[PDB]
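Notes for the one structure printed next.
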Amino acid sequence: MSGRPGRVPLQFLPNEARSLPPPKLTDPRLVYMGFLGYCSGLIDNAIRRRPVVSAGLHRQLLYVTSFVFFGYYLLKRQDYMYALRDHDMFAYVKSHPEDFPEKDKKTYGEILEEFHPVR
Amino acid sequence: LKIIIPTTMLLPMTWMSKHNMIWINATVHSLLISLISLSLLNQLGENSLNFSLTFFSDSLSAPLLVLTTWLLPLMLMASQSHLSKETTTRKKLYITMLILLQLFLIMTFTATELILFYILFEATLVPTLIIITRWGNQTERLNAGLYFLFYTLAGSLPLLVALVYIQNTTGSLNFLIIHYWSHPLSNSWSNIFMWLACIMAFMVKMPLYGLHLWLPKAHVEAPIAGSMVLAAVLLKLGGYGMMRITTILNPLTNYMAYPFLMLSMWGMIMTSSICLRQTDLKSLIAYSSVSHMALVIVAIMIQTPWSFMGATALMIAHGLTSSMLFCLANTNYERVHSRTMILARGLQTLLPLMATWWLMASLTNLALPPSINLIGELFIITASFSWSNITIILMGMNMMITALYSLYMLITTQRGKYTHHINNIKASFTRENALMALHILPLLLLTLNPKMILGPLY
Amino acid sequence: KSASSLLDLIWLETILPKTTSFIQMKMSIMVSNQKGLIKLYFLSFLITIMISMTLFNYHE
Amino acid sequence: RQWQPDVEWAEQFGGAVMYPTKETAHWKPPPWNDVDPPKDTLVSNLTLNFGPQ
Amino acid sequence: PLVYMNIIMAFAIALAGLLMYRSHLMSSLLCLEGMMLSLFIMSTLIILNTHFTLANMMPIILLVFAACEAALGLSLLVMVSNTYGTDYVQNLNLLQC
Amino acid sequence: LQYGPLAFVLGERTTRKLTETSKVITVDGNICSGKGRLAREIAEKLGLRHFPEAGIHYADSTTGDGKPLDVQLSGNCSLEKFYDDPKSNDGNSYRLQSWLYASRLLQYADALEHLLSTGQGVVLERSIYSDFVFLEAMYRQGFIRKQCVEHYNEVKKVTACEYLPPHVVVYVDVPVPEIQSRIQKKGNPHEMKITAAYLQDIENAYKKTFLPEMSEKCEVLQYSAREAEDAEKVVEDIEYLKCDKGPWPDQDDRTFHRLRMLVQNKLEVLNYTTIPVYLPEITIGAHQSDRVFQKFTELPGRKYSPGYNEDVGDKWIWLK
Amino acid sequence: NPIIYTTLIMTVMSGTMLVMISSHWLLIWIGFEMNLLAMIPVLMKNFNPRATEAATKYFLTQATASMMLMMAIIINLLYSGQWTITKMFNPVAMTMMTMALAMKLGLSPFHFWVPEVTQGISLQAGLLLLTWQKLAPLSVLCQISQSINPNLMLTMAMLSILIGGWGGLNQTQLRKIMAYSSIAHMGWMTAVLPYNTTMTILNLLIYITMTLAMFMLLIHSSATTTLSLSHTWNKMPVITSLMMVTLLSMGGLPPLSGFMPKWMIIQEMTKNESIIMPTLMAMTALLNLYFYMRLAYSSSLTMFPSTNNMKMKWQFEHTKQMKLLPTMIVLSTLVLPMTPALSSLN
Ligand SMILES: Nc1nc2c(ncn2[C@@H]2O[C@H](COP(=O)(O)OP(=O)(O)OP(=O)(O)O)[C@@H](O)[C@H]2O)c(=O)[nH]1
Ligand SMILES: [Mg+2]
């Protein structure tokens with residue numbers, strides 16, 4: 001991570017993160033973060049003792065848009081870190097066969113797992 | 001999954017509705033959501049009903065959710081005795097807590113992950129202490145919140161460390177995966193503490209003899225809505241947990257069970273004997289709940305097919321009746337403005353129908369046949385007797401006391417001679433009588449075909 | 001006398017819950033009760049330094 | 001009416017330490033303005049004896 | 001070498017001197033000031049020894065901020081000496097609570 | 001948009017706006033001594049703003065429509081009850097003084113805010129520096145308990161410390177026998193219920209404490225009763241006054257910035273008037289607090305923020 | 001004068017940023033003074049005897065830690081000859097640094113300064129001290145986490161959690177208990193620091209956001225004592241409602257976002273075979289939960305007697321806008337379902 005080769009510091013979504021499928025606008029994680037924008041909208045009028053459901057909708061609309069915007073790139077970075085974590089992981093096992101052997105998976109007919117009577 | 005979204009959908013329901021329609025609108029949609037919940041006992045065979053990656057149901061959960069979804073209307077009309085004088089926002093926020101509570105219990109039972117279960121399992125606490133402390137009546141309701149929550153976390157937190165440990169070792173804790181990828185528990189000293197950590201969290205939310213000080217310290221002072229929901233489903237959250245977590249705790253369960261089931265065995269006689277000597281009416285059902293709740297502790301510990309069925313049968317049946325006796329506690333308490341048992345006596349000559357509800361409540365808690373209380377208790381006896389022959393002399397001696405205090409409350413309150421100086425009891429409204437009816441009828445008419453209630457092992 | 005008063009109301013509630021409640025209560029006082037003198041604070045920082053690198057010797 | 005806290009219950013956690021002891025029994029909760037009042041005047045201008053030499 | 005030993009134990013007693021207040025803050029403040037003199041001499045000893053030309057930088061630049069720390073230090077002591085009059089750390093406890 | 005730290009950076013100064021006639025002046029006198037008239041004449045003569053003596057509902061005058069709200073909703077204290085039965089067990093005496101102190105405290109803050117903002121001089125009847133004397137007269141008559149005095153001097157020292165004395169203070173000297181004649185002529189039935197010892201007690205604590213310590217803090221003008229009617233004469237002295245004695249001259253723009261920021265944040269202004277001292281009279285119980293506050297809510301123009309209440313008629317709410 | 005107070009606040013931010021962007025051991029120290037130089041003025045902005053009290057107490061410990069921090073670097077120079085920010089090559093020097101940085105953070109018995117200073121200074125400066133200076137030492141600890149002594153840092157972390165949360169239920173001033181609560185949160189992030197640095201940042205961010213949300217709420221309520229906060233229910237009951245919601249958030253009960261670090265911290269520690277240590281810190285975190293509810297008990301969940309003059313406060317309204325308050329509250333309570341975002345930090 002903080003030391004992987006070919007990394008540009010302070011660089012957000014890089015030139016290969018775009019190879020992954022983008023999160024959909026109907027992403028359940030994304031809309032929930034939009035719901036946090038909706039929640040952060042209504043509470044604002046509570047401190048300022050304003051109608052919590054029918055006050056200035058410009059604040060509420062701007063509260064939701066900001067959350068849904070910054071979330072989308074975070075949700076893009078979300079998968080890219082996991083994809084990068086998954087990518088290098090599979091290269092290591094391929095490059096180090098001796099640390100990850102394949103046991104000859106044998107059926108339960110041969111397995112001597114003992115029986116515990118409960119009574 | 002089709003239950004949760006409408007359950008969340010009641011959150012805007014109550015919070016927006018007109019000043020006088022909040023309870024009407026909340027009452028109906030809680031009654032309508034019992035439809036979609038009632039389609040959850042609708043079940044396939046031995047395979048569980050898995051309808052989503054994160055949510056699943058089986059014959060053990062199915063009675064539970066239909067209990068909670070049914071339950072919320074009961075606390076809705078129950079709270080319509082003392083919330084009338086409160087402000088609208090406080091009234092709306094009371095529904096918010098109850099609806100938020102539903103959203104949790106409706107989701108713990110459907111959780112297919114141990115941590116997701118645990119996250120929501122202890123998440124139900126946050127709505128509770130709001131109910132007990134904010135809307136409580138007496139003075140020591142403040143001490144009620146500390147006793148309830150600290151007892152719960154002191155056992156729940158080591159379970160969280162245990163769960164992540166299992167996550168790292170075997171790889172996953174999905175309720176199916178651990179069942180299929182089972183592994184016997186070695187007698188290593190480390191496994192003993194892991195077993196203890198896994199079980200202790202559900203023990204504290206399963207009043208054990210010694211880990212039960214919060215039972216009389218929470219139910220008595222809690223509001224009426226909080227009292228039944230904490231006694232009817234909240235105590236069962238551990239019951240669901242132990243039935244599930246025991247799949248990975250064998251064979252260490254059988255050898256390690258002796259310190260625990262026996263403490264439940266001896267205390268369940270003791271706790272029932274406590275009810276024989278009581279001064280507070282609401283303390284009767286609290287302590288009676290402890291003895292009944294501790295009965296299934298033995299059943300789950302034996303891990304016997306009959307015991308599990310009896311545990312589930314008693315689990316729902318006790319929750320229904322324990323909630324009922326709390327409603328009858330409320331009506332008498334509201335009329336007399338006191339919780340003392342010996343104060344209000346001879347109430348049957350004034351409220352004949354209320355006496356009949358008292359009769360049915362105490363007699364069902366007495367666990368006569370064919371009531372679900374008896375069939376659940378009888379299955380436990382047979383399983384316990386197979387485990388050991390002496391078990392009958394103890395758990396049978398509980399039924400000795402169980403019949404006593406059940407009739408003791410009936411005799412001293414309804415029967416006898418009325419106290420003359422009480423000039424407060426009016427005729428009972430149609431609310432409580434319907435509230436009692438909505439408690440008694442589902443229990444009785446479930447008796448014809450209780451096989452939705454026995455559980456997955458049926 | 002034995003079931004309710006002795007065990008539940010007295011013994012069972014004084015063994016586990018109130019003891020730990022008192023254990024935190026018994027000596028949380030001077031945890032918060034400090035004289036406020038810079039002398040006592042910085043003298044304590046001295047001992048923490050010596051115990052770290054000389055007595056228990058995390059380096060060694 | 002449900003029991004609401006009274007004045008006496010308010011004084012429980014109302015002192016400098018809600019959990020007091022003899023060591024802190026003589027303490028004094030901080031002033032609400034968070035400013036201690038000025039103490040005794042501390043001017044000590046020295047006296048210079050000009051003259052007669 | 002032995003010269004290094006002499007001036008790191010200069011730190012040690014300076015370390016002991018700083019976090020040991022007896023009567024007044026001024027003596028401790030001076031000990032904090034003099035504490036960097038060993039720090040100056042310490043850092044200076046390696047840098048001429050090792051002939052690293054650039055890092056002759058830091059002995060002077062350590063002197064910029066160490067004495068600047070003292071500069072705000074004794075100027076803070078001015079604020080004490082008006083409200084408190086004296087400069088005693090024993091009296092310096094009005095936040096007992 | 002009101003003057004904050006941003007305005008100071010942009011260029012909004014306040015020592016530029018003030019002028020020679022930028023004086024805040026308080027008139028003082030005994031009970032119904034006619035000083036309120038003198039405040040009016042000096043205000044209009046030099047073009048100074050007049051602030052009437054702050055009553056129980058003065059806070060109601062600066063909030064909403066400026067009309068006196070219900071006493072039970074705006075203090076639960078009546079000056080008439082203070083007049084009729086001073087030793088009432090409910091404790092209306094300290095409820096009068098403590099509430100009136102904050103009303104004067106709000107009066108003083110608004111007067112200084114106007115003086116610091118526009119620079120046009122402000123004249124108000126009495127002040128917080130003249131408020132302690134009324135309570136001192138009360139304690140000197142058995143009117144009040146000593147713990148009430150301790151609470152009042154605590155909050156007064158806490159709240160009035162960072163404020164500055166007013167530019168000029170002018171007092172009219174009317175003797176007690178003359179004062180008794182004036183109130184008797186008034187005919188308001190509540191003000192026969194007075195004590196001559198109380199009237200000398202309030203008079204004594206003026207000239208013994210108020211005027212002495214106020215002298216070194218700002219200029220004092222002791223004025224005779226007959227001289228007061230000559231509204232022409234009383235104003236020439238205040239016109240050509242030294243206006244140098246006190247902390248008013250040594251006041252830079254930065255300390256003026258702190259003063260304006262304090263007075264403009266009205267909640268802070270009387271924030272410490274609600275000290276958690278749990279006096280038996282001062283404290284209002286929880287159920288009363290909720291019900292009275294719950295009452296305050298549906299009063300028109302109170303449920304939401306100003307300019308946002310539908311019952312008032314505020315439109316454009318969905319985009320306000 | 002406000003224009004200058006922007007500059008010293010900027011320099012404190014600039015000095016902190018200098019620490020977290022410097023690759024030279026020298027410049028890392030330079031940022032600490034840049035923080036230290038301009039901190040004392042904003043610490044005694046109100047100019048109270050308590051302000052001078054706290055300012056002097058802050059300076060003595062902080063100057064000692066920074067001064068101890070050089071020859072920790074200098075012995076590294078003696079035995080490595082490297083100025084670059086990497087793992088340390090001499091053990092005794094780096095053990096010396098760990099004490100120095102713990103002094104800045106206030107973890108060990110070194111922690112005595114932070115609760116003392118927080119009370120004397122105002123709430124606004126208390127927030128800045130308690131939410132901004134917890135980054136510069138964190139950055140240095142994050143960098144040198146390679147060769148960090150496990151026993152040394154774990155012992156420091158345990159004590160910071162223990163005394164941090166044990167004396168918390170003994171202070172009636174809110175500014176004190178948060179300093180006490182912060183030391184407990186200081187221990188939580190520092191305990192994971194030797195094992196995995198990523199979860200330290202997440203716990204830092206989660207603790208920081210809650211630190212604003214509470215301190216920012218406190219300024220709006222203008223409270224100094226628990227009784228003073230208790231009176232808030234009679235003016236803005238909603239504000240007192242978010243009060244308790246944040247308390248349970250800082251307690252760590254799900255779904256509230258305060259369960260974020262406690263859930264994430266014990267994960268890799270159990271992965272790292274450290275299991276007894278996670279159990280103890282979790283159980284003693286209930287000490288934090290105790291005085292959290294007690295403040296919630298006195299503020300929101302129950303009423304409290306009010307004063308007569310309190311009624312007039314209803315007539316007037318607050319003038320401070322108190323920017324970014326609603327976002328902090330939501331970001332401090334409803335965040336748990338978005339857990340995988342720790343990868344974004346990673
Ligand atoms: N306790 C108290 N009573 C006040 C205060 N201001 C006025 N009063 C009462 O007001 C009543 C009338 O006396 P004053 O207000 O002094 O004078 P007035 O009758 O308005 O006449 P002028 O002095 O000419 O303005 C008396 O009952 C006073 O005690 C005050 O600040 N506190
Ligand atoms: Mg008058």
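Each chain of the structure tokens is named A, B, ... in the order shown, its residues numbered from 1; ligands are numbered from 1 in display order.
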I'd like the neighbourhood of residue 45 (chain E) as a short mmCIF file (atom, residue, chain, number, x, y, z; two decimals) with C-alpha atoms, in the first residue's frame, where a residue qualifies if any of its atoms comes within 12 Å (using only C-alpha atoms), though same-chain residues fewer than 6 positions away should be ignored.
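around_11.cif was written with the following content:
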```cif
data_model
loop_
_atom_site.label_atom_id
_atom_site.label_comp_id
_atom_site.auth_asym_id
_atom_site.auth_seq_id
_atom_site.Cartn_x
_atom_site.Cartn_y
_atom_site.Cartn_z
CA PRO E 1 34.81 8.55 22.14
CA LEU E 2 34.92 10.02 25.65
CA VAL E 3 34.03 13.57 24.57
CA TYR E 4 30.65 12.23 23.44
CA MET E 5 30.00 10.65 26.86
CA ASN E 6 30.66 13.92 28.69
CA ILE E 7 28.10 15.86 26.65
CA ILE E 8 25.28 13.30 26.56
CA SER E 38 24.36 20.06 24.94
CA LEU E 39 21.99 19.49 22.02
CA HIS E 51 32.60 16.07 7.16
CA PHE E 52 29.00 16.26 5.88
CA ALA E 55 24.28 19.34 7.53
CA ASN E 56 26.37 21.99 9.25
CA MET E 58 21.13 22.29 11.64
CA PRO E 59 23.34 23.36 14.62
CA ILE G 74 20.76 13.14 16.98
CA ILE G 75 21.64 9.70 18.37
CA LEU G 77 22.40 10.65 13.27
CA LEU G 78 25.27 9.38 15.42
#
```
Task: Surrounding residues of region 86-91 of chain B excluding itself and chain neighbours under 5 positions, 12 Å, only C-alpha atoms, as a ChimeraX atom specification - done: /B:14-23,26,76,79-81,96-98,130-131,134-135 /D:1-2 /F:287,290-291,293-295,297-298 /G:237-238,241,301
Open item on the list: Neighbouring residues of ligand 2 are defined here as those with any atom at most 12 Å from a ligand atom, counting only C-alpha atoms and all ligand atoms; list them as number ranges by chain.
Closed with: F: 26-39, 51-55, 124-127, 130-131, 134, 171-172, 179, 183
Task: Nearby residues (only C-alpha atoms) at most 12 Å from residue 38 (chain D), same-chain spacing under 6 positions excluded, as a VMD selection string - done: (chain E and resid 82 to 85 94) or (chain G and resid 48 to 50)
Please provide as a PDB file with N, CA, C and O atoms, in the first residue's frame all residues within 7 Å of residue 77 (chain A), with the sequence filter that same-chain residues fewer than 4 positions apart are discarded (counting only C-alpha atoms).
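Everything below was put into around_30.pdb:
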```
ATOM      1  N   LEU A  13      -7.919   9.083  -7.876  1.00  0.00           N
ATOM      2  CA  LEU A  13      -8.190   8.008  -8.826  1.00  0.00           C
ATOM      3  C   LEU A  13      -7.230   8.050 -10.008  1.00  0.00           C
ATOM      4  O   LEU A  13      -7.282   8.975 -10.829  1.00  0.00           O
ATOM      5  N   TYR A  73     -16.857   9.317  -6.223  1.00  0.00           N
ATOM      6  CA  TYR A  73     -15.427   9.083  -6.390  1.00  0.00           C
ATOM      7  C   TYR A  73     -14.875   8.208  -5.272  1.00  0.00           C
ATOM      8  O   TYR A  73     -14.025   7.345  -5.516  1.00  0.00           O
ATOM      9  N   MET A  81      -9.061   0.269  -4.525  1.00  0.00           N
ATOM     10  CA  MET A  81      -8.215  -0.268  -3.464  1.00  0.00           C
ATOM     11  C   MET A  81      -8.422  -1.767  -3.298  1.00  0.00           C
ATOM     12  O   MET A  81      -7.453  -2.526  -3.186  1.00  0.00           O
TER      13      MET A  81
ATOM     14  N   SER G 344     -10.076   3.240   1.324  1.00  0.00           N
ATOM     15  CA  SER G 344      -9.742   4.535   0.740  1.00  0.00           C
ATOM     16  C   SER G 344      -8.614   5.207   1.510  1.00  0.00           C
ATOM     17  O   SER G 344      -7.698   5.784   0.911  1.00  0.00           O
TER      18      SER G 344
END
```
TODO: Excluding residue 8 (chain D) and any residue of its chain fewer than 4 positions from it, enumerate the residues within 12 Å of it, using only C-alpha atoms, and give them as a list in words.
DONE: residues 4, 12, 13, 14 and 15 of chain D; 278, 279 and 280 of chain F; 304 and 305 of chain G
Task: Contact residues (chain D, partner chain E, 8 Å, only C-alpha atoms) as a PyMOL selection string - done: chain D and resi 16+27-30+38+42
For region 166-174 of chain G: contacts at 10 Å, only C-alpha atoms, fewer than 2 positions along chain excluded, given as a tab-separated table (two decimals) with C-alpha atoms, in the first residue's frame:
```tsv
chain	number	residue	atom	x	y	z
C	24	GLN	CA	-13.53	1.72	40.02
C	25	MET	CA	-15.00	3.94	42.75
C	27	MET	CA	-9.35	4.67	43.86
C	28	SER	CA	-10.56	6.70	40.86
C	29	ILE	CA	-10.21	9.63	43.27
C	30	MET	CA	-6.48	10.33	43.13
C	31	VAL	CA	-6.54	9.28	39.48
C	32	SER	CA	-8.36	12.60	39.04
C	33	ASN	CA	-7.28	14.19	42.35
D	13	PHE	CA	-23.19	15.95	40.62
D	14	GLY	CA	-23.14	19.65	41.41
D	15	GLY	CA	-19.96	20.15	43.42
D	16	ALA	CA	-16.37	20.29	42.23
D	17	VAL	CA	-16.28	16.48	42.31
D	18	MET	CA	-19.50	14.47	42.29
D	19	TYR	CA	-17.55	11.69	44.00
D	20	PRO	CA	-15.84	13.50	46.85
D	29	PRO	CA	-15.72	24.57	41.77
D	30	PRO	CA	-14.21	26.93	39.22
E	97	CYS	CA	-9.68	21.52	40.40
G	118	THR	CA	-8.22	22.10	28.65
G	119	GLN	CA	-10.13	23.49	31.64
G	123	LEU	CA	-14.04	25.92	24.59
G	159	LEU	CA	-2.32	3.14	30.37
G	160	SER	CA	-3.73	5.94	28.20
G	161	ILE	CA	-6.96	3.96	27.89
G	162	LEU	CA	-6.94	2.94	31.56
G	163	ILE	CA	-6.25	6.22	33.38
G	164	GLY	CA	-7.86	8.11	30.52
G	176	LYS	CA	-12.07	17.86	31.79
G	177	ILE	CA	-13.90	14.66	30.87
G	178	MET	CA	-13.35	15.14	27.13
G	179	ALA	CA	-9.63	15.53	27.78
G	180	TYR	CA	-10.01	12.38	29.88
G	181	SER	CA	-12.11	10.81	27.11
G	183	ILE	CA	-6.75	10.07	26.31
G	184	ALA	CA	-8.87	6.91	26.13
G	215	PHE	CA	-17.12	20.58	21.28
G	218	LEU	CA	-20.89	22.70	23.54
G	223	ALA	CA	-21.86	25.26	28.98
G	224	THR	CA	-19.03	24.94	31.49
G	225	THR	CA	-20.54	22.58	34.07
G	226	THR	CA	-22.92	19.64	33.79
G	227	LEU	CA	-25.61	21.70	35.52
G	228	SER	CA	-24.98	24.46	32.97
G	229	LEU	CA	-25.46	21.91	30.19
G	284	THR	CA	-12.50	-0.97	30.35
G	285	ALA	CA	-14.01	1.18	27.58
G	286	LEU	CA	-17.23	0.82	29.59
G	287	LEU	CA	-15.63	3.33	31.96
G	288	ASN	CA	-15.81	5.81	29.08
G	289	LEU	CA	-19.42	4.75	28.52
G	290	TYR	CA	-20.26	5.40	32.18
G	291	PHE	CA	-19.66	9.14	32.42
G	292	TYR	CA	-20.92	9.40	28.84
G	294	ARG	CA	-24.06	10.42	33.21
G	295	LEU	CA	-23.61	13.54	31.10
```
